[PDB]
C-alpha cells in the first residue's frame, strides 16, 4: 500500500476550504483522509494533512497543479516508495508512527532453541499489536532470563563509575530507585517510558525487530524510541550484534533521560525527515558514531556515551584503552566513515559535548536536499514544515518575545 501525503497550506478565503475539500471529492477520495487544521504559524492559513496510499495515486497529479496554480499554494508530495519528483515520506503526527512500526538467523545463539524462538514470537506479537497511546504490556520474565540480565547488569555497573559519561552516571541511580534497575529485576518498558516521559518527554515504543534507519530515526524526531522487549539468549550473555533489552535499558535509556542528549538525538531525527536515501545513510553513520559508539570529552579526559558501548561490557573497556584510534567529531568526514557491526570498532569519534554535536547536526542538516525545513511542535505532537517567508516571520517574532524576557530579566 505504501503511504502518500500532500503537504500544503491554504489561505482562508470565502469558499477556500469549501473547494479544496471538494477537490478531493471530485476525484472521489474519501474525506476522512483529508484533515484540515488551522496553520500553527500563519493566523490566516489552513494546513491540510492527507492520509493517503498508492490507491489514491491515479488522481494526485491533477490535484497538485490546480492547488499549485488554480489556488497558488506550495504543495510537497510525500511518497513511501521514493519515486520521481517526490519527497521521501515521513509521518507528520506522532500517531502516524503506527503506520510502519511493524515494517521489519541461522547463526543466532538461539537457532536450535525452540523455547527461545517461541518466546521471541511472543514479544514480536506484543509489539505488532502496540499502538501509540496504549500502555506497554508487562511480561514476567523467566528466571533464566533474569540471570542473563543479572550477568549483563552486574559487570557493567562496575565499569560505569570510571568508563561511563557523567550524564549516564548522574541518572542511573534514579533508575535504580524508581525503575527497578537492579541486578535481580528486569525493568518493564512501561515504567521506563513513564520515567523518560517525565524527564525529557521521550517515550518508548515496543518494536518486534529492526526498522529501516529512516523509520527508526524518524521516530527520534518525535522523541519516540522504538525499543525491543526481548532479551538475548542466555547461553551467550555477552552476545551483542542484535539489540536485546539489555542494549535498550542500559545503553539508551539513561541518556534519553538528559535534555541535551535528548535534544541532540531528536536533532538527528529531525534531519532524517524527507532526507533522500543517500542522506539517511549518512545520518545512520553519524548515528553509529554518536548515539551508538560515541565518546565525549569530560574536562581533561574522555568518557563513553554510546549505547553500543554502555551495553557491551567488552567494548566499554576497549574504547577507553589507548589501542583504539580517536578523531574529534567531524560530520563532513564522520558521515562517510566506514564501520563494521560485528567487530570491535577500530575508530571512535570524540565529541566536545552533546550541545556542540547538536549544533553540528543542525548545521549538517542544511546540506540535506529538502524543499523545506522542519520544527517539532511538542504541543500538538506534530511536525511543522517550514517553507514560507511569512512562517519565518512568525518564528522571528516568537524569538523576539523571548529576547524581551531575557532582557527584562537582566534588569
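Numbering follows the first chain given and starts at 1.
The modelled chain is continuous from residue 159 to residue 160, since every residue of the deposited sequence in that stretch has coordinates. Taking only CA atoms, the mean B-factor in the PDB entry is higher for 3 to 11 than for the other of 400 to 408 and 3 to 11.
Taking the mean C-alpha B-factor of each stretch as recorded, 218 to 226 and 160 to 168 are not equal, and the higher mean is that of 160 to 168.
Note on 54, 370, 40, 358: the highest value goes to 54, judged by CA B factor as recorded. Looking only at 82, 303, 131, 120, the residue with the top Cα B factor in the deposited structure is 82.
Residue 374: CA B factor in the lowest third of modelled residues in this chain (values from the PDB entry). Per the PDB record, residue ranking by Cα B-factor puts residue 125 in the lowest third of the chain. Ranked against the other modelled residues of its chain, the C-alpha B-factor of residue 352 as given in the entry falls in the middle third. In the deposited entry, the Cα temperature factor of residue 363 sits in the middle third of values across the chain's modelled residues. Ranked against the other modelled residues of its chain, the C-alpha B-factor of residue 32 as given in the entry falls in the highest third.
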